[PDB]
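Worksheet for the structure shown next.
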Amino acid sequence: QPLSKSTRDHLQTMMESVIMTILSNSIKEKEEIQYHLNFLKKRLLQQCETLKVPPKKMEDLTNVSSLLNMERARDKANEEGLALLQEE
Amino acid sequence: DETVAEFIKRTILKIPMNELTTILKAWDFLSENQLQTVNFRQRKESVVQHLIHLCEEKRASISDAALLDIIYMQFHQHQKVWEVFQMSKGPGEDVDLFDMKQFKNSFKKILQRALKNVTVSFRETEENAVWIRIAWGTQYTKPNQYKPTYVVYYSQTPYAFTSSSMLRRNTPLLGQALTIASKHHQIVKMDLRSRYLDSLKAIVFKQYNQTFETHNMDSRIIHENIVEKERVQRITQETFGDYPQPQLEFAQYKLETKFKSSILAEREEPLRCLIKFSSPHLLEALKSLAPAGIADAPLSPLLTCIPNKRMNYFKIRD
Amino acid sequence: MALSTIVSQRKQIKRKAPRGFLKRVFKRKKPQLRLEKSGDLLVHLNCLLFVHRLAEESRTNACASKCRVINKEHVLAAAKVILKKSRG
Amino acid sequence: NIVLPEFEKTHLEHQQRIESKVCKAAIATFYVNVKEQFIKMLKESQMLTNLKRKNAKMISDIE
Amino acid sequence: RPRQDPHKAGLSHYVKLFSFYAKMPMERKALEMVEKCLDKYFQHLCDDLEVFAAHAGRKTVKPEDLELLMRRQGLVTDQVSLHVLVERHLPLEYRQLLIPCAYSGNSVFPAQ
């Protein structure tokens, strides 16, 4: 089965961001480099759309870090609570 | 904090307009000289808007909000339906010397160790009572201030009255806290529920009867059946007494008796029924049934034994 | 109805503009100028659109705070945004 | 995880076809960058789900 | 025996019109500070009219200066002109003096 629309949304967005970053630091040879990069980007979009993957569920890439941090916080709190209860 | 502001605003919005000043005076968290600055002639909404600003300018915690909730609650105290507990002790145990501070500390610690996050308040009431407000929480949730629990504990006595809102989840824990803090071994729940806490109190302490005997017309109409009327009047007076009846509003009976009347003679199983009585002033409607002619002269003992047995819900078997 | 709170006007007064008032106020502040004969009317139009903006913004603040009566702190907050927007 | 080699094999064909040395360097740079993004997001999501089920089990334990 | 400040007479017109648009009951204390808002707007309005006229090199204030201000205010855009705004918000008697219309032998008033 094909992967979800979110994967291409996120990968597309991050590729425009990284292309912007790499064109920021380059001075000469603009048109050819950007045309080649756009061709590579669109061909990679086609390849990833054609790709097949077993079904799965993925949460958005932007918010993984914060939710992970709160998960560690909950981890520590619940661990210490359980340890105290067991000691009593 | 915004949460305490919202809590105080909601509590004040509950209060009726005419008696808001007495509640504010009893709470007396705000300075007296601040009160006359606010005018109560204007709209209720404007008054609460101003009061929020005054209480926000000063530092307001959650403890004083809980105290305001307790003060508001003990004025109304008919918005909830109450239940009774009874505690028992061992035969050889000596009479204890009650100390308020120790009771507060023990009741604090039991809840603090069993759960993790919990808010409990105290308001030492006159006439030898204690009001407690508890907000329930656990290790992984903050306390819920919307659904508190109130308990009235009479020190030196085996009785405590509790409100049934969310106590179903943590009933054994509160039972243990109460029986440990007051040095009692066992506890049981009396099957007597009502919305009138004072009537419950009068029944439970059995002080509804306070009379002690000490030495210190158109003759053309002829009423037959006069002797029967006088006899039913005498029987009603003997059975229901002469004191003012305590005010209840409900009574429930569960029946599991056999039908005995040709009709279902072969049947050997009980007939399953559940009946309820509801009235604005029960025990006063019941008293008037026999003179009006709707019941026989002596009522069945199940109806005339509410206050003497301190019972409200019954179960009957064959 | 109490003196303190005024109910919403069911019927608007006649749409006639106070032309005389606008001329004097413009006169006292900047005496040296002369205004064209019809310039007073356009100033009146400009004032209508300002008051229309002020009324909309005040209503939103009152509803946001769940208040059925427009209060002074609602309208002063409205004034700060509109006055800066009204200057160009 | 399964489709990771597929993206890797794409890098091989891009490099051979391209000839400009600065372009080759740029391709290498942002390819390393996107590889870092892939690995970080995969690991974070996986450990997030794992610790989520761990939290559910452990709150059941304390209860 | 009434005595009214002529300055308050002018503001009272727009204050009543404010209560019409609000469509909510409004507290008395909100009234007077709206009056405070109005005079501030008029003071800052006149100051802005100085510079636009001064920039053009004429001291007299002409309507196109008022058009330029409202375009910066966002009221006037490409789609919504000055003539459109007059049609929506002003009575007929004010419309004749402002918006020109030809009639009775191609005579146009005001001349444009």
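Letters for chains follow the order of the structure tokens (A, B, ...), residue numbers begin at 1 for each chain, and ligand numbers begin at 1 in the order shown.
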| task | Tell me, as a list in words, which residues lie within 12 Å of residue 169 of chain B, counting only C-alpha atoms; anything in the same chain fewer than 5 positions away does not count. | result |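 Residues meeting the cut-off are residues 136, 137, 138, 149, 164, 174 and 175 of chain B.
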Once you have the residues from the selection above, write them out as an mmCIF file, in the first residue's frame, restricted to C-alpha atoms.
data_model
loop_
_atom_site.group_PDB
_atom_site.id
_atom_site.type_symbol
_atom_site.label_atom_id
_atom_site.label_comp_id
_atom_site.auth_asym_id
_atom_site.auth_seq_id
_atom_site.Cartn_x
_atom_site.Cartn_y
_atom_site.Cartn_z
ATOM 1 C CA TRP B 136 -9.689 14.229 44.678
ATOM 2 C CA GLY B 137 -6.605 13.509 42.595
ATOM 3 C CA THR B 138 -4.006 10.836 41.932
ATOM 4 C CA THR B 149 -16.540 15.962 48.861
ATOM 5 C CA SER B 164 -22.448 11.494 48.013
ATOM 6 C CA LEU B 174 -11.922 7.853 53.218
ATOM 7 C CA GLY B 175 -13.240 5.197 55.579
#
Using only C-alpha atoms and a cut-off of 12 Å, which residues of chain B sit close to chain E? Please list them as a PDB file with C-alpha atoms, in the first residue's frame.
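New file out.pdb:
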ATOM      1  CA  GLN B  42     -25.625  48.212  40.703  1.00  0.00           C
ATOM      2  CA  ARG B  43     -25.817  45.086  38.558  1.00  0.00           C
ATOM      3  CA  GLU B  45     -22.267  41.341  36.926  1.00  0.00           C
ATOM      4  CA  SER B  46     -20.576  44.666  37.700  1.00  0.00           C
TER       5      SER B  46
END
| request: Could you give me, as number ranges by chain, the residues within 10 Å of residue 104 of chain B, counting only C-alpha atoms and dropping anything in the same chain fewer than 2 positions from it? | output: B: 99-102, 106-109, 120-122, 132, 181-182
For the residues in the current selection, export N, CA and C atoms as an mmCIF file, in the first residue's frame.
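Wrote selection-v8.cif, looks like this:
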data_model
loop_
_atom_site.group_PDB
_atom_site.id
_atom_site.type_symbol
_atom_site.label_atom_id
_atom_site.label_comp_id
_atom_site.auth_asym_id
_atom_site.auth_seq_id
_atom_site.Cartn_x
_atom_site.Cartn_y
_atom_site.Cartn_z
ATOM 1 N N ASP B 99 -7.591 15.708 70.245
ATOM 2 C CA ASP B 99 -6.772 16.866 69.920
ATOM 3 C C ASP B 99 -7.020 17.214 68.460
ATOM 4 N N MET B 100 -7.416 18.461 68.205
ATOM 5 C CA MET B 100 -7.763 18.859 66.846
ATOM 6 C C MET B 100 -6.569 18.800 65.906
ATOM 7 N N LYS B 101 -5.411 19.292 66.350
ATOM 8 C CA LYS B 101 -4.253 19.353 65.467
ATOM 9 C C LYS B 101 -3.806 17.960 65.041
ATOM 10 N N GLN B 102 -3.805 17.009 65.975
ATOM 11 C CA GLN B 102 -3.420 15.644 65.638
ATOM 12 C C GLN B 102 -4.401 15.019 64.655
ATOM 13 N N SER B 106 -3.262 13.595 60.994
ATOM 14 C CA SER B 106 -3.453 12.205 60.587
ATOM 15 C C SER B 106 -4.320 12.106 59.338
ATOM 16 N N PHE B 107 -5.430 12.848 59.313
ATOM 17 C CA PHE B 107 -6.302 12.819 58.149
ATOM 18 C C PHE B 107 -5.592 13.384 56.929
ATOM 19 N N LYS B 108 -4.665 14.317 57.141
ATOM 20 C CA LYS B 108 -3.822 14.796 56.053
ATOM 21 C C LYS B 108 -2.933 13.680 55.521
ATOM 22 N N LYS B 109 -2.202 13.016 56.421
ATOM 23 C CA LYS B 109 -1.127 12.118 56.012
ATOM 24 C C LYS B 109 -1.663 10.882 55.307
ATOM 25 N N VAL B 120 -7.218 19.179 50.878
ATOM 26 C CA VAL B 120 -8.196 19.031 51.946
ATOM 27 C C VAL B 120 -8.182 20.295 52.795
ATOM 28 N N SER B 121 -9.366 20.772 53.164
ATOM 29 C CA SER B 121 -9.531 21.993 53.934
ATOM 30 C C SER B 121 -10.289 21.696 55.219
ATOM 31 N N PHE B 122 -10.139 22.583 56.196
ATOM 32 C CA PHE B 122 -10.821 22.458 57.474
ATOM 33 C C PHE B 122 -11.441 23.792 57.850
ATOM 34 N N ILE B 132 -15.061 19.524 56.451
ATOM 35 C CA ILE B 132 -13.911 19.153 55.639
ATOM 36 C C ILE B 132 -14.324 19.152 54.176
ATOM 37 N N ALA B 181 -7.766 8.520 61.924
ATOM 38 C CA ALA B 181 -7.543 9.835 62.515
ATOM 39 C C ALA B 181 -8.214 9.965 63.872
ATOM 40 N N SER B 182 -9.343 9.284 64.066
ATOM 41 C CA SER B 182 -10.128 9.396 65.287
ATOM 42 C C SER B 182 -9.949 8.213 66.230
#
Extract, using only C-alpha atoms, all DNA, RNA and protein residues at most 10 Å from residue 204 of chain B, discarding same-chain residues fewer than 5 positions from it, and format them as an mmCIF file with N, CA and C atoms, in the first residue's frame.
data_model
loop_
_atom_site.group_PDB
_atom_site.id
_atom_site.type_symbol
_atom_site.label_atom_id
_atom_site.label_comp_id
_atom_site.auth_asym_id
_atom_site.auth_seq_id
_atom_site.Cartn_x
_atom_site.Cartn_y
_atom_site.Cartn_z
ATOM 1 N N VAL B 84 -24.835 8.675 56.213
ATOM 2 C CA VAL B 84 -24.293 8.617 57.563
ATOM 3 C C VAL B 84 -23.319 7.449 57.692
ATOM 4 N N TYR B 159 -20.228 9.336 64.949
ATOM 5 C CA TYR B 159 -20.988 9.610 63.738
ATOM 6 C C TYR B 159 -20.313 10.666 62.877
ATOM 7 N N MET B 190 -24.484 3.494 57.633
ATOM 8 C CA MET B 190 -25.896 3.391 57.963
ATOM 9 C C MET B 190 -26.745 3.630 56.720
ATOM 10 N N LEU B 192 -29.410 5.142 55.659
ATOM 11 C CA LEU B 192 -30.320 6.245 55.932
ATOM 12 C C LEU B 192 -29.796 7.467 55.197
ATOM 13 N N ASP B 198 -30.160 18.492 59.085
ATOM 14 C CA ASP B 198 -30.582 18.694 60.468
ATOM 15 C C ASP B 198 -31.564 17.618 60.918
ATOM 16 N N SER B 199 -32.458 17.186 60.027
ATOM 17 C CA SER B 199 -33.354 16.084 60.362
ATOM 18 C C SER B 199 -32.579 14.789 60.561
ATOM 19 N N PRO B 307 -38.160 6.905 62.478
ATOM 20 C CA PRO B 307 -37.184 7.563 63.359
ATOM 21 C C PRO B 307 -36.694 6.676 64.486
ATOM 22 N N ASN B 308 -37.534 5.776 64.993
ATOM 23 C CA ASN B 308 -37.116 4.920 66.095
ATOM 24 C C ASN B 308 -36.032 3.943 65.666
ATOM 25 N N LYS B 309 -36.133 3.409 64.453
ATOM 26 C CA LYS B 309 -35.137 2.471 63.958
ATOM 27 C C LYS B 309 -34.007 3.142 63.194
ATOM 28 N N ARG B 310 -34.092 4.451 62.939
ATOM 29 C CA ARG B 310 -33.051 5.183 62.220
ATOM 30 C C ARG B 310 -32.781 4.525 60.872
ATOM 31 N N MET B 311 -33.866 4.179 60.193
ATOM 32 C CA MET B 311 -33.849 3.357 58.996
ATOM 33 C C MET B 311 -34.596 4.096 57.896
#
Closest-contact table, chain D side, partner chain B, 10 Å, counting only C-alpha atoms, as a Markdown table:
| residue | atom | partner | partner_atom | distance |
| --- | --- | --- | --- | --- |
| D:59 | CA | B:140 | CA | 8.1 |
| D:62 | CA | B:139 | CA | 8.8 |
| D:63 | CA | B:138 | CA | 9.4 |
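The protein and nucleic acid residues lying at most 12 Å from residue 67 of chain C are residues 44, 45, 46, 48 and 49 of chain B; 58, 59, 60, 61, 62, 63, 71, 72, 73 and 74 of chain C; 24, 25, 26 and 27 of chain E, with only C-alpha atoms considered and sequence neighbours fewer than 4 positions away removed.
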Take the residues just selected and output them with C-alpha atoms as an mmCIF file, in the first residue's frame.
data_model
loop_
_atom_site.group_PDB
_atom_site.id
_atom_site.type_symbol
_atom_site.label_atom_id
_atom_site.label_comp_id
_atom_site.auth_asym_id
_atom_site.auth_seq_id
_atom_site.Cartn_x
_atom_site.Cartn_y
_atom_site.Cartn_z
ATOM 1 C CA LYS B 44 -24.666 41.703 39.855
ATOM 2 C CA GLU B 45 -22.267 41.341 36.926
ATOM 3 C CA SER B 46 -20.576 44.666 37.700
ATOM 4 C CA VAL B 48 -18.526 40.403 40.539
ATOM 5 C CA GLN B 49 -16.281 42.129 37.985
ATOM 6 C CA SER C 58 -16.098 46.473 21.318
ATOM 7 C CA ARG C 59 -18.843 43.886 20.783
ATOM 8 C CA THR C 60 -16.305 41.122 20.136
ATOM 9 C CA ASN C 61 -14.457 41.847 23.383
ATOM 10 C CA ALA C 62 -17.675 41.759 25.415
ATOM 11 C CA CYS C 63 -18.724 38.434 23.890
ATOM 12 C CA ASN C 71 -18.057 47.644 29.743
ATOM 13 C CA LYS C 72 -15.385 50.335 29.877
ATOM 14 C CA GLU C 73 -12.403 47.960 29.845
ATOM 15 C CA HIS C 74 -13.814 46.352 26.698
ATOM 16 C CA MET E 24 -25.954 45.462 22.970
ATOM 17 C CA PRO E 25 -26.953 47.217 26.192
ATOM 18 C CA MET E 26 -24.071 49.473 27.155
ATOM 19 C CA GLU E 27 -23.019 50.874 30.519
#
| request: For chain C, list the residues within 10 Å of chain B, counting only C-alpha atoms, and write the list as a ChimeraX atom specification. | output: /C:2,4-5,67-69,71
Include N, CA, C and O atoms and write out the residues we just selected as a CSV table (one decimal), in the first residue's frame.
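File produced: again.csv:
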chain,number,residue,atom,x,y,z
C,2,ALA,N,-32.3,51.4,34.7
C,2,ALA,CA,-31.5,52.1,35.6
C,2,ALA,C,-30.7,53.2,34.8
C,2,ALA,O,-30.5,53.0,33.6
C,4,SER,N,-27.6,54.1,35.0
C,4,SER,CA,-26.2,53.6,34.8
C,4,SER,C,-26.1,52.9,33.4
C,4,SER,O,-25.1,53.1,32.7
C,5,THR,N,-27.1,52.0,33.1
C,5,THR,CA,-27.0,51.3,31.8
C,5,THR,C,-28.0,51.8,30.8
C,5,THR,O,-29.2,51.8,31.1
C,67,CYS,N,-19.8,38.6,28.5
C,67,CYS,CA,-20.5,39.7,29.2
C,67,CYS,C,-21.6,40.2,28.3
C,67,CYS,O,-21.4,40.5,27.1
C,68,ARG,N,-22.8,40.4,28.9
C,68,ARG,CA,-24.0,40.8,28.1
C,68,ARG,C,-24.0,42.3,28.0
C,68,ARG,O,-24.9,42.8,27.2
C,69,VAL,N,-23.2,43.1,28.8
C,69,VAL,CA,-23.2,44.5,28.8
C,69,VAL,C,-21.8,45.0,28.4
C,69,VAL,O,-20.9,44.6,29.1
C,71,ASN,N,-18.7,47.0,28.6
C,71,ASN,CA,-18.1,47.6,29.7
C,71,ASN,C,-16.9,48.5,29.3
C,71,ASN,O,-16.5,48.5,28.1
